[PDB]
């Protein structure tokens, strides 16, 4: 479980090693995903020094008949199979209606190339969820060694209500306003032929592996303790359900998950998600990622 540095992305490096996906939102959110040039001009992406900011427009009041709220979805140019990805995240988007994610997939053959969601949630609702979405014949055992709590254990999007097989992180500060109040933290995901693991370490953790915290060129996941989420191959050939995946980091609003009235209102968010997103630009001033680095090891 020893790996060596493959990519080191800090600040302006993201502008040449990722693209912006100016696409209709696959999750049907109240979002307008802008291109890279537009993002940089409007300061929705800011990539300089040791900082990457990816943010929502927090100034425009939207025409209800016009496009959704400007935001960004960035995708690594490179693809990865067996690897470790480490995200040093100072801030993640918050606010009613927000649906941020840091994840990997192969968009071109989804879901057959797999999807792993590393950071994901909606409407400020902690804790973080870590989830696989696959094609047929991929499930997880009811009990396996991890610190998080399994929810759905069938990863097949065709037969699991499109939920994937998920794990909830054990602490509130894994996600949302709680995470942001704490200065964020580190997410690491190891993928091999035999498993996927995710670890979360809060910013203030006394037990964060130096491997993760300082980003040296050599790491050893054997020394990282029990993962937060564990997806073993007991009932899923992991390698046959995943192919070469890009890393994606995005922020959408409302849409198929966050926008459901019961879910949005259940989070303490008033009224209509789309109406809220249209008419409360200032409420998205804290709907930003602040990323110190993303590093991949192979």
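Numbering follows the first chain given and starts at 1.
**Student:** What stretch has the higher average Cα B-factor here, 31-39 or 261-269?
**Tutor:** Mean CA B-factor is higher for 261-269.
**Student:** Per the entry, where is the mean C-alpha temperature factor higher: 193-201 or 210-218?
**Tutor:** Stretch with the greater average CA B-factor: 210-218.
**Student:** Quiz for you: based on the deposited Cα B-factor, which of 48, 233, 246, 70 is highest?
**Tutor:** Answer for 48, 233, 246, 70: 48, with the highest C-alpha B-factor.
**Student:** If you check the C-alpha B-factor for each of 150, 84, 169, 155 in the entry, which is highest?
**Tutor:** 150 has the highest C-alpha B-factor of those listed.
**Student:** Place residue 114 in the lowest, middle or highest third of its chain's C-alpha B-factors, as listed in the PDB entry.
**Tutor:** Middle third by C-alpha B-factor.
**Student:** Using the B-factors in the PDB entry, rank residue 15's C-alpha atom against the chain and give the third, lowest, middle or highest.
**Tutor:** Tercile = middle for this residue's CA B-factor.
**Student:** How does the C-alpha B factor of residue 125 compare with the rest of the chain: lowest, middle or highest third?
**Tutor:** Middle third.
**Student:** By the record's CA B-factor, is residue 96 among the lowest, middle or highest third of residues in the chain?
**Tutor:** CA B-factor rank for residue 96: middle third.
**Student:** Would you mind checking where the Cα B-factor of residue 5 ranks among the modelled residues of its chain, as the lowest, middle or highest third?
**Tutor:** Tercile = middle for this residue's CA B-factor.
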